[PDB]
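As a starting point, one isolated chain is supplied in structure tokens, in the form deposited in one PDB entry.
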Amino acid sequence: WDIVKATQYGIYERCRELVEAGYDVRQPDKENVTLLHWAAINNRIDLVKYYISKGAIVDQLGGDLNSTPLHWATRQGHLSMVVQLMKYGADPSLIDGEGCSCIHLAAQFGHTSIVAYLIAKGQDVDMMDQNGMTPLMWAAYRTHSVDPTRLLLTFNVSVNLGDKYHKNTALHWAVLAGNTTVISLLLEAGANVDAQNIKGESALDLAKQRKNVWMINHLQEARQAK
């Protein structure tokens, strides 16, 4: 196959053949994606080492959303690839076309093991992406599961931060997404039920709007406990 397909499919020998034949590892395709992006998103550990040894730019931006290879690996959820790229100096704090850094991508796609690894390596657990969203907010809005929310709360995130543009706290986002699993976790961690967003709505107002009695009762009870 062509080098791109060989990379995507992980045919090591074939890639090494074309490269030695003269192919430039920095040569992007039509959509401006580099071989390292394809290797990263497909978890081709050996190919990543090889291409980088051949001069591949580790954090080269590419794709319709100007993302780095590590951004792609994080989205796909390849823990081993995240480790590998970071070993070669990939910077997880870099921002992609959607305004997200690796920690936000890990949180919105529920890749709990990657969230843990990134935090253990120094990533700011309260980091706001360019959309004004923190990892906790993304988890509350996108992951209807105990993790990664539980993990993030264990790392002691700021539970009551409101996103930069809508001032929606993680609790606001959980109510808006009908994420009941996360609501309980947030309330137990001290989420402020009366904090108001830019429209003057508290998470409780949102619960009532949604007409969810279980939510209304829990939020009211949390207030009484606060």
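Numbering starts at 1 and follows the sequence shown.
Check: Per the entry, where is the mean C-alpha temperature factor higher: 111-119 or 82-90?
Finding: Taking the mean B-factor of the alpha carbons in each, 82-90 is higher.
Comparing 23-31 with 175-183, which stretch shows the greater average C-alpha B-factor in the deposited entry?
For C-alpha atoms only, the mean B-factor is higher in 23-31.
CA B-factor placement of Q130, once the chain's modelled residues are sorted into thirds:
As the PDB entry reports it, the C-alpha B-factor of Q130 lands in the middle third of its chain.
Notebook entry, point to check: Taking the C-alpha B-factors as the PDB entry records them, is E188 in the lowest, middle or highest third of its chain?
Noted result: CA B-factor rank for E188: middle third.
Grab the CA temperature factor for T74 from the record and place it in the lowest, middle or highest third of its chain. As the PDB entry reports it, the C-alpha B-factor of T74 lands in the lowest third of its chain.
Query - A40, C-alpha B-factor rank within chain (lowest, middle or highest third) - result: Answer is lowest: the recorded C-alpha B-factor places it there.
Please place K164 in the lowest, middle or highest third of its chain by C-alpha B factor as given in the entry. As the PDB entry reports it, the C-alpha B-factor of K164 lands in the middle third of its chain.
We do not show the form solved in complex with a partner chain, though everything after this point is about it.
Counting only non-hydrogen atoms and a 4.5 angstroms cut-off, does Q60 reach its partner chain in the deposited complex?
No.
Q) Do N131 and its partner chain share at least one heavy atom pair within 4.5 Å in the deposited complex? A) No, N131 is distant from the partner.
Applying a 4.5 Å heavy atom distance criterion, does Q76 contact its partner chain in the deposited complex?
Contact check for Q76: yes, within 4.5 Å of its partner chain in the deposited complex.
Close approach of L65 to its partner chain in the deposited complex, 4.5 Å, heavy atom: So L65 counts as contacting its partner chain.
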